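Novice: Handing you this structure, nothing more for now.
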Amino acid sequence: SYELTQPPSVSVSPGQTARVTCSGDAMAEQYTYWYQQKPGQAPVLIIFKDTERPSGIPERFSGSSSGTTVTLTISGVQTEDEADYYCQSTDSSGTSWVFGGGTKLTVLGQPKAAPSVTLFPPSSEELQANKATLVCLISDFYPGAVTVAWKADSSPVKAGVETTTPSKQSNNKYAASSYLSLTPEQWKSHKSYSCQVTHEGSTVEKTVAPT
Amino acid sequence: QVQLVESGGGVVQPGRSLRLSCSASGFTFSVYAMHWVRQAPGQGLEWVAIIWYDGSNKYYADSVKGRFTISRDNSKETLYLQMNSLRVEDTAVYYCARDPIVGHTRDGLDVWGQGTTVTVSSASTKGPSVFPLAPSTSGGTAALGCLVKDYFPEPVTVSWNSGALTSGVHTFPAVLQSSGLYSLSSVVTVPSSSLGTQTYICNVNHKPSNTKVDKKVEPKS
Amino acid sequence: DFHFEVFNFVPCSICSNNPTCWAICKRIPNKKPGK
């Protein structure tokens, strides 16, 4: 029932000031807390009781409150500050704990890079197994956010699509994968299939045909 | 050092039960409240339950009320979560965290463990099928890989040429399909002039099913 | 003002049988205090 409202994403450049707000109907009577979580790691306490910063947390992190809205402020953001930030509080009765939806803070710490796309048709071995999977591999892009669109011939297709969230490569650039599941007859009937990747207002498209 | 270690996670079928443990060390466990907090893959943190320092007050999220039971053993400095009537949507990493309730220099969930993984699914243990991603000019590069399809449960590890090939290797995270089975791909970028001489073999290892697959990836035709 | 770990007080639940501890200790409340 009781929910905290937190923006899903905030983007910032190094040296700028990042702000993450979080609101809740009972925040004027209940303390709020802020946690930082990096990919693959446990959350870490950043701000407690609205405004207090524990010893060992850098001074650039601070918190303030205006009543039913609290704000996490990071002055002079560093690349190491890129993480998911969660607000947390309690309901009006003080017997139920609630987390906000989380804010992904993106720190633009390297120049923008356009993605490279490689589209694999279904292998003959999988087709012999009465299955068909088109594999669209996206690589070497930054920031780590893409949208993938599949097309049968010229019309969009959304059924049977599975796309992974971008993860960092070894060269600190991002990669992602998208799958289009089909039947063998679906793969042989259409003239072509295409994987369309959109990244930073630019579009990269590859096409394969069963001939 | 102040430390929290979760254990007891595993793979179970819906309706079954599972008991998690969280062993503390490095601090006076008996004066802190203890939380359970879970996180589904790719999702946010969700509070599960809390127990008072003396084991009296116990509060639960509505999503687990009547099914999960929290308890603690201060003599062993251990926190427990009894999970009954498990559901698919209970699949998450489960953290424990201490909470002083009235802390001064620190407050809230100020110390977290690393978590333990719980997977609730009606699927059974199954090894994967490995299909090649065959490569298709002027000193360029070409991408080739392996499609590790329809395995359960996680994880699966992929290497290339028994670990000798690491440059340009990227193993993607898994995808949970509607069938309840996982699939991922591992790709490596190599010079296009080596596709006729160099041999490329992906080494797939699925420990939960005790399945190992070596698959050679060749250009088509 | 005795401090114990993250607390600015000594919890009475760890005093055992020390009389001087019970004269300065404070009890952890049954409810999380509000603002």
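Chain labels run A, B, ... following the order of the structure tokens; each chain numbers its residues from 1, and ligands are numbered from 1 in the order shown.
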Dump as an mmCIF file with N, CA, C and O atoms, in the first residue's frame the residues of chain B that approach chain A to within 8 Å, counting only C-alpha atoms.
Specialist:
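Okay, this is what ended up in iface-v6.cif:
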```
data_model
loop_
_atom_site.group_PDB
_atom_site.id
_atom_site.type_symbol
_atom_site.label_atom_id
_atom_site.label_comp_id
_atom_site.auth_asym_id
_atom_site.auth_seq_id
_atom_site.Cartn_x
_atom_site.Cartn_y
_atom_site.Cartn_z
ATOM 1 N N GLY B 44 14.420 -4.006 -8.226
ATOM 2 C CA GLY B 44 14.834 -3.247 -7.067
ATOM 3 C C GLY B 44 14.783 -4.057 -5.782
ATOM 4 O O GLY B 44 14.362 -5.211 -5.747
ATOM 5 N N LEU B 45 15.231 -3.417 -4.703
ATOM 6 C CA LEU B 45 15.203 -4.045 -3.390
ATOM 7 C C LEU B 45 13.782 -4.076 -2.847
ATOM 8 O O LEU B 45 13.024 -3.111 -2.985
ATOM 9 N N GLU B 46 13.418 -5.194 -2.221
ATOM 10 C CA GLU B 46 12.106 -5.356 -1.605
ATOM 11 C C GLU B 46 12.289 -5.836 -0.174
ATOM 12 O O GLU B 46 12.856 -6.910 0.054
ATOM 13 N N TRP B 47 11.809 -5.046 0.782
ATOM 14 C CA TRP B 47 11.864 -5.446 2.180
ATOM 15 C C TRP B 47 10.989 -6.671 2.414
ATOM 16 O O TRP B 47 9.868 -6.760 1.907
ATOM 17 N N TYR B 59 7.805 -8.229 11.979
ATOM 18 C CA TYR B 59 6.942 -7.617 10.982
ATOM 19 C C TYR B 59 7.319 -8.139 9.605
ATOM 20 O O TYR B 59 8.479 -8.473 9.348
ATOM 21 N N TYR B 60 6.326 -8.215 8.722
ATOM 22 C CA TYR B 60 6.494 -8.832 7.415
ATOM 23 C C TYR B 60 5.863 -7.968 6.335
ATOM 24 O O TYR B 60 4.912 -7.222 6.587
ATOM 25 N N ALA B 61 6.400 -8.083 5.123
ATOM 26 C CA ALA B 61 5.751 -7.495 3.964
ATOM 27 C C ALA B 61 4.473 -8.260 3.639
ATOM 28 O O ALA B 61 4.363 -9.463 3.894
ATOM 29 N N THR B 105 25.712 7.135 15.430
ATOM 30 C CA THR B 105 26.695 7.371 14.378
ATOM 31 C C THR B 105 26.305 6.687 13.075
ATOM 32 O O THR B 105 26.726 7.123 11.998
ATOM 33 N N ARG B 106 25.530 5.608 13.161
ATOM 34 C CA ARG B 106 24.970 4.923 12.006
ATOM 35 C C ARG B 106 23.550 4.501 12.354
ATOM 36 O O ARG B 106 23.242 4.232 13.517
ATOM 37 N N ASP B 107 22.683 4.451 11.345
ATOM 38 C CA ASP B 107 21.293 4.070 11.564
ATOM 39 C C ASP B 107 20.742 3.440 10.293
ATOM 40 O O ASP B 107 21.356 3.500 9.225
ATOM 41 N N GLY B 108 19.572 2.825 10.420
ATOM 42 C CA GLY B 108 19.002 2.086 9.309
ATOM 43 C C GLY B 108 19.696 0.753 9.099
ATOM 44 O O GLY B 108 20.294 0.171 10.013
ATOM 45 N N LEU B 109 19.605 0.259 7.863
ATOM 46 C CA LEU B 109 20.243 -1.001 7.482
ATOM 47 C C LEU B 109 21.692 -0.696 7.109
ATOM 48 O O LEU B 109 22.075 -0.640 5.939
ATOM 49 N N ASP B 110 22.512 -0.492 8.144
ATOM 50 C CA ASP B 110 23.848 0.062 7.950
ATOM 51 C C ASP B 110 24.899 -0.984 7.593
ATOM 52 O O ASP B 110 25.996 -0.608 7.161
ATOM 53 N N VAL B 111 24.600 -2.272 7.749
ATOM 54 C CA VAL B 111 25.519 -3.344 7.373
ATOM 55 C C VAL B 111 24.726 -4.429 6.660
ATOM 56 O O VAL B 111 23.735 -4.932 7.198
ATOM 57 N N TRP B 112 25.162 -4.790 5.454
ATOM 58 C CA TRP B 112 24.498 -5.795 4.637
ATOM 59 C C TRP B 112 25.429 -6.974 4.389
ATOM 60 O O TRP B 112 26.654 -6.820 4.341
ATOM 61 N N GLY B 113 24.835 -8.156 4.230
ATOM 62 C CA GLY B 113 25.558 -9.305 3.735
ATOM 63 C C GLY B 113 25.617 -9.303 2.220
ATOM 64 O O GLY B 113 25.098 -8.413 1.547
ATOM 65 N N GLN B 114 26.269 -10.328 1.670
ATOM 66 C CA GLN B 114 26.415 -10.435 0.223
ATOM 67 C C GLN B 114 25.248 -11.148 -0.448
ATOM 68 O O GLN B 114 25.156 -11.129 -1.681
ATOM 69 N N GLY B 115 24.362 -11.769 0.322
ATOM 70 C CA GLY B 115 23.156 -12.360 -0.217
ATOM 71 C C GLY B 115 23.307 -13.838 -0.541
ATOM 72 O O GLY B 115 24.405 -14.368 -0.700
ATOM 73 N N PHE B 131 24.533 -24.653 -29.982
ATOM 74 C CA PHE B 131 24.507 -24.466 -31.420
ATOM 75 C C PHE B 131 25.545 -23.433 -31.835
ATOM 76 O O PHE B 131 25.741 -22.435 -31.133
ATOM 77 N N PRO B 132 26.226 -23.642 -32.957
ATOM 78 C CA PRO B 132 27.246 -22.684 -33.385
ATOM 79 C C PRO B 132 26.634 -21.425 -33.977
ATOM 80 O O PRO B 132 25.554 -21.442 -34.570
ATOM 81 N N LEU B 133 27.345 -20.319 -33.789
ATOM 82 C CA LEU B 133 27.040 -19.045 -34.436
ATOM 83 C C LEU B 133 28.165 -18.806 -35.440
ATOM 84 O O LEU B 133 29.186 -18.194 -35.121
ATOM 85 N N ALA B 134 27.967 -19.303 -36.657
ATOM 86 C CA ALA B 134 29.047 -19.376 -37.629
ATOM 87 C C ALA B 134 29.391 -17.992 -38.171
ATOM 88 O O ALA B 134 28.495 -17.182 -38.429
ATOM 89 N N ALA B 143 32.706 -11.945 -36.260
ATOM 90 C CA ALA B 143 32.163 -12.420 -34.996
ATOM 91 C C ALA B 143 31.678 -13.856 -35.137
ATOM 92 O O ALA B 143 31.003 -14.204 -36.111
ATOM 93 N N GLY B 168 38.561 -10.380 -27.078
ATOM 94 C CA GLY B 168 37.280 -10.188 -27.728
ATOM 95 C C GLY B 168 36.191 -11.142 -27.298
ATOM 96 O O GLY B 168 35.154 -11.213 -27.963
ATOM 97 N N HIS B 170 33.120 -12.304 -25.093
ATOM 98 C CA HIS B 170 32.067 -11.755 -24.247
ATOM 99 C C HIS B 170 30.977 -12.801 -24.092
ATOM 100 O O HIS B 170 30.394 -13.247 -25.084
ATOM 101 N N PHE B 172 27.341 -13.300 -22.616
ATOM 102 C CA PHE B 172 26.211 -12.470 -22.239
ATOM 103 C C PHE B 172 25.456 -13.065 -21.056
ATOM 104 O O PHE B 172 25.555 -14.263 -20.777
ATOM 105 N N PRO B 173 24.698 -12.242 -20.330
ATOM 106 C CA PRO B 173 23.822 -12.784 -19.288
ATOM 107 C C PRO B 173 22.739 -13.665 -19.892
ATOM 108 O O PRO B 173 22.425 -13.591 -21.083
ATOM 109 N N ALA B 174 22.170 -14.519 -19.049
ATOM 110 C CA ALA B 174 21.176 -15.470 -19.516
ATOM 111 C C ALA B 174 19.816 -14.801 -19.691
ATOM 112 O O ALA B 174 19.529 -13.745 -19.119
ATOM 113 N N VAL B 175 18.976 -15.440 -20.500
ATOM 114 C CA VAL B 175 17.593 -15.032 -20.714
ATOM 115 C C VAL B 175 16.688 -16.140 -20.197
ATOM 116 O O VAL B 175 16.852 -17.305 -20.574
ATOM 117 N N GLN B 177 13.409 -17.780 -20.555
ATOM 118 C CA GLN B 177 12.344 -17.857 -21.540
ATOM 119 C C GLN B 177 11.019 -18.228 -20.875
ATOM 120 O O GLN B 177 10.957 -18.579 -19.693
#
```
Novice: Give me, as a VMD selection string, the contact residues of chain A against chain C at a cut-off of 10 Å, counting only C-alpha atoms.
Specialist: chain A and resid 27 to 31 49 90 92 to 95
Novice: Per residue of chain C within 10 Å of chain B, what are the shortest atom pair and its distance in Å to one decimal, counting only C-alpha atoms, with rows by chain and residue number, as CSV?
Specialist:
```
residue,atom,partner,partner_atom,distance
C:3,CA,B:104,CA,9.2
C:4,CA,B:28,CA,9.6
C:5,CA,B:27,CA,8.1
C:6,CA,B:105,CA,5.2
C:7,CA,B:103,CA,5.0
C:8,CA,B:104,CA,5.8
C:9,CA,B:104,CA,9.0
C:10,CA,B:31,CA,9.9
C:11,CA,B:31,CA,7.3
C:12,CA,B:31,CA,9.6
C:13,CA,B:31,CA,7.6
C:14,CA,B:31,CA,8.2
C:28,CA,B:102,CA,7.3
C:29,CA,B:102,CA,8.1
C:30,CA,B:57,CA,7.8
C:31,CA,B:101,CA,8.2
C:32,CA,B:101,CA,5.7
C:33,CA,B:102,CA,7.5
```
Novice: Could you pull out the strand (DSSP E) residues of range 13-188 of chain A, going by DSSP on the backbone, and write them as a PyMOL selection string?
Specialist: chain A and resi 18-23+33-37+44-47+61-65+69-74+83-90+97-99+103-107+116-120+132-141+147-152+155-157+161-163+167-168+174-182
Novice: Would you give me, as a ChimeraX atom specification, the residues in chain C that DSSP reads as alpha helix (DSSP H)?
Specialist: /C:19-24
Novice: Please provide the set of residues having any atom within 7 Å of residue 79 in chain A, restricted to only C-alpha atoms, with same-chain residues fewer than 3 positions apart removed, written as a list in words.
Specialist: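 Counting only C-alpha atoms, the residues come to residues 14, 82, 107 and 109 of chain A.
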Novice: Please, what distance in Å, to one decimal, runs between CA of residue 91 in chain B and CA of residue 80 in chain A?
Specialist: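 Pair CA of residue 91 in chain B / CA of residue 80 in chain A returns 29.6 Å.
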Novice: For CA of residue 153 in chain B and CA of residue 215 in chain B, quote the distance in Å rounded to one decimal.
Specialist: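 Answer for the CA of residue 153 in chain B to CA of residue 215 in chain B separation: 20.8 Å.
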Novice: Could you list, as an NGL selection string, every residue within 9 Å of range 122-125 of chain B, counting only C-alpha atoms and ignoring same-chain residues fewer than 2 positions away?
Specialist: :B and (12-14 or 88 or 120 or 127 or 151-153 or 179-181 or 208-209)
Novice: Could those residues be written to a file, using C-alpha atoms, as an mmCIF file, in the first residue's frame?
Specialist:
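Now in again-v4.cif:
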```cif
data_model
loop_
_atom_site.group_PDB
_atom_site.id
_atom_site.type_symbol
_atom_site.label_atom_id
_atom_site.label_comp_id
_atom_site.auth_asym_id
_atom_site.auth_seq_id
_atom_site.Cartn_x
_atom_site.Cartn_y
_atom_site.Cartn_z
ATOM 1 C CA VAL B 12 13.101 -25.421 -5.238
ATOM 2 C CA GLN B 13 9.734 -26.142 -6.813
ATOM 3 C CA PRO B 14 6.617 -24.046 -6.121
ATOM 4 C CA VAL B 88 7.796 -18.306 -8.611
ATOM 5 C CA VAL B 120 11.609 -21.133 -7.343
ATOM 6 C CA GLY B 127 21.667 -29.651 -19.622
ATOM 7 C CA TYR B 151 19.325 -25.136 -19.637
ATOM 8 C CA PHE B 152 18.189 -25.136 -16.013
ATOM 9 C CA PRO B 153 19.201 -23.978 -13.576
ATOM 10 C CA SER B 179 9.344 -22.221 -20.991
ATOM 11 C CA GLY B 180 11.232 -21.747 -17.713
ATOM 12 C CA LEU B 181 14.598 -22.576 -19.305
ATOM 13 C CA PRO B 208 24.036 -28.445 -11.997
ATOM 14 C CA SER B 209 23.337 -31.129 -14.626
#
```
Novice: Return the single residue from B:221, B:69, B:137, B:157 that is closest to residue 83 in chain B, with distances computed using only C-alpha atoms.
Specialist: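 With only C-alpha atoms as the atom set, the closest residue is B:69.
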Novice: With distances taken over only C-alpha atoms, which of B:188, B:204, B:49, B:195 is nearest to residue 97 in chain B?
Specialist: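 The closest residue to residue 97 in chain B is B:49.
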Novice: Could you check how far CA of residue 38 in chain B sits from CA of residue 178 in chain B, in Å to one decimal?
Specialist: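 We find that CA of residue 38 in chain B and CA of residue 178 in chain B lie 22.7 Å from each other.
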